[PDB]
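Read through the structure below, which is laid out as structure tokens, and then see the notes.
Readers should treat all values here as calculations from the given coordinates under stated rules, not as data from a laboratory. A quick note on method: Cβ atoms are made from the backbone with ideal geometry, for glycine too, and the neighbour counts reach across all protein chains shown.
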């Protein structure tokens with residue numbers, strides 16, 4: 001059974017990558033893992049916006065909400 005989802009794009013990973021730098025700043029009291037993982041998700045997200053690929057955009061989005069949630073948690077205690 002073949003199936004296709006298509007490119008109707010209504011995601012603001014803009015919104016996420018808008019704070020991608022503030023979150024980078026706040027991981028600077030944490031293991032290098034956290035910053036490094038922002039540095040390497042920013043990349044994916046940007047390329048993905050440029051080629052307008054859906055699946056790369058959805059990935060990166062999930063990735064960023066996850067790491068922001070981790071950071072928040074850690075920081076709030």
**Message:** Rounded to two decimals, what is the ratio between the C-alpha radius of gyration of the chain and 2.2 N^0.38 Å?
**Reply:** 1.22
**Message:** Please compute the length gained on full extension between residue 6 and residue 29, using 0.36 nm multiplied by the number of residues separating them and subtracting their Cα-Cα distance.
**Reply:** 4.2 nm
**Shape category assigned to segment 31-72 from the gyration tensor of Cα positions, a/c cut at 1.5** = oblate
**Message:** Let me check against my output: what whole-number percent is the relative contact order of the chain, with C-alpha pairs under 8 Å and at least 6 apart?
**Reply:** 33 percent
**Message:** For 51, 19, which order do you get if you count the other beta carbons within 10 Å of each Cβ and list the fewest first?
**Reply:** 51, 19
**Request:** Mind checking the full-extension length gain between residue 66 and residue 39? Use 0.36 nm per residue of separation minus the Cα-Cα distance, one decimal, nm.
**Result:** 8.3 nm
**Message:** Taking 0.36 nm per residue of sequence separation and subtracting the Cα-Cα distance, how much length would be gained by fully extending the chain between residue 59 and residue 76, in nm to one decimal?
**Reply:** 3.5 nm
**Message:** Take residue 21 and residue 47, extend 7 Å from each Cα along the Cα→Cβ direction, and tell me the distance between the two endpoints in nm.
**Reply:** 2.2 nm
**Asked** Ranked from highest to lowest mean number of other Cβ atoms within 10 Å per residue, what is the order of the peptides 62-72, 22-32?
**Response** 62-72, 22-32
**Sorted by Cβ density within 10 Å, fewest first, the residues 37, 15** = 15, 37
